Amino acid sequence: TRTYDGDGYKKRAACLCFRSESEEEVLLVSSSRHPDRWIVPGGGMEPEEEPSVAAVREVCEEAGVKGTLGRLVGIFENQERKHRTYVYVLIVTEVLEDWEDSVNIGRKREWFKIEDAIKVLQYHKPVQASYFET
């Protein structure tokens, strides 16, 4: 079930999943509706679910990775689609081979240099590109 803040924005969480503590390469996943497009993995918080817990759950489900949770980067609103996403750094320590969204919907994942992740997110997902600004 979807959850909302008091202003009716959907509550989401996501991680910037980095290959190493250098934070130079990040894992993107394919769009569910548009396989040829890249997104930052993330999704809806469940009722009473801590944002850090939702973030780590969604990137397990969507990207098939686990790791060491880092700092909250910020909370990012998509005015058009009415959602607010808590975005965390995650340093990846496990890459799993047959993860929920690989099996269920054929979701892909790929490592991008930060500059290239910003480039592929800008057109359809400019707020996700902005996750990388700081």
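Numbering starts at 1 and runs along the sequence shown.
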Of 94 to 102 and 69 to 77, the stretch with the higher mean C-alpha B-factor in the deposited entry is 94 to 102
Which of the two stretches, 106 to 114 or 16 to 24, shows the higher mean Cα temperature factor in the record?
16 to 24
Reading the B-factor column of the entry, which of 45, 29, 59, 87 has the highest value at its C-alpha atom?
87
Against its chain's modelled residues, does residue 41's Cα B factor rank lowest, middle or highest third?
lowest
Position of residue 3 among the chain's modelled residues by C-alpha B-factor, lowest, middle or highest third
middle
